[PDB]
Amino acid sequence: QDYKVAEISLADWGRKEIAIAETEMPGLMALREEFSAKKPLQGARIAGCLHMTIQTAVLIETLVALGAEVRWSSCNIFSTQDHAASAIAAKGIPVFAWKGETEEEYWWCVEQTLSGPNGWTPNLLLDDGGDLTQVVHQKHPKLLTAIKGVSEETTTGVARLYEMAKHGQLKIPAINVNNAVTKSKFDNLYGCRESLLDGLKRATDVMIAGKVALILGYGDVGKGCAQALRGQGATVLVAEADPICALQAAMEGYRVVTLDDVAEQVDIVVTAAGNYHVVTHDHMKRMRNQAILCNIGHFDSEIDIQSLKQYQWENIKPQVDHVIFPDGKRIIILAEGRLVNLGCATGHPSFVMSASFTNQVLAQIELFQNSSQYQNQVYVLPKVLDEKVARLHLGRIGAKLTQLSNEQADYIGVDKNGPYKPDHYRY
């Protein structure tokens, strides 16, 4: 029993949804077709810390199909889909993950990925948020020597990598997967455009139309969140500290405001900043009865949930809580301030996760084979691989590329087969 999941009998349900998801994830299935015979990951031993969803199940089985051995944990206490974890466990793949972990169980799960029977230890890390990278660096420095590198999924995780590199604390090569174009501009944006609304609806069933919704942060995540609620008839407000992002939001028709000014006016608050206490106690005290607060950024401290411990909490249903102020006023807190799309729904849909996870597999292949040519710094995959990820997803959604003629390729200074853009291109 080299696994730990909530209920193993959910395996067959997990398997059925994984079968569906495979048809939504052509990038991963294309990598299996291209590489399953050559097994480029034979000899790879991957410790993974990434939301144990149906989509991640397809990622795991792609790594295994390419020859890898893996041990897996989720990177959020609420993000596991128990039936996905059970389907993976039933294949004999070590997974330590369930929805609703305590803090202690969470770190125990991560630790289980770092050693396996017969002296199994990872030579690769696959991380989403930097927790696994931190544990290894801080608590298992002997394991560091054997680790060829880490590939990192999300914006907050890559920020932690850059802080480490700035102070000489990064001891392994790192591939920034977030800043592949086919990740940051798809997952972060179009993923949240669908899964923010999903989390809100499943949790509260709230009408979006006519509501005043505030998005704190207008980066890739906040951009998608704004589109989502705007499409359903909300008046969308945006807060930003970056004047360029603020000008973008203003040019899309959003009023750019501070929560200091508008706290009494909002029905729904979404933190998308990757920052600390952007929603304070005073903000929440000023909010109307039954205001809905959630966080779609990576950590639980975008909202100061600590400041709410002084009040009575009344649970409505799992991951949906009332906080009752002394005058009787209530606010609704989603997922105890943690990732609302994964905590209250199922995260992003399979199709866009295929783009993110095709980048992950390519990074693991590149680290496994060529980590010796990398320094202890953070890199991105080259554009030719970024474009390949895009190409592998066009067929599913019926998009037909125009082929450049010789003179057209020459005219704009590109090879007919790409890359089509200079490295400084922002899309």
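So that there is no doubt, residue numbering starts at 1 and follows the sequence shown.
For the two regions 160-168 and 202-210, the entry's Cα B-factors average higher over 160-168.
For the pair 44-52 and 369-377, the record assigns the higher mean C-alpha temperature factor to 369-377. The maximum CA B-factor among the listed residues 190, 299, 254, 357, taken from the PDB record, is found at 299.
Set against one another, the Cα B-factors of 81, 271, 73, 155 in the record reach their highest point at 73. Remark: residue 341 belongs to the middle third of its chain, ranked by C-alpha B-factor as recorded. In the PDB entry, a CA B factor belonging to the lowest third of its chain's modelled residues is recorded for residue 248.
The deposited CA B-factor of residue 123 belongs to the highest third of values across its chain. In the PDB entry, residue 403 places in the lowest third of its chain by CA B-factor. Residue 3 sits in the highest third of its chain by CA B factor, as recorded in the PDB entry.
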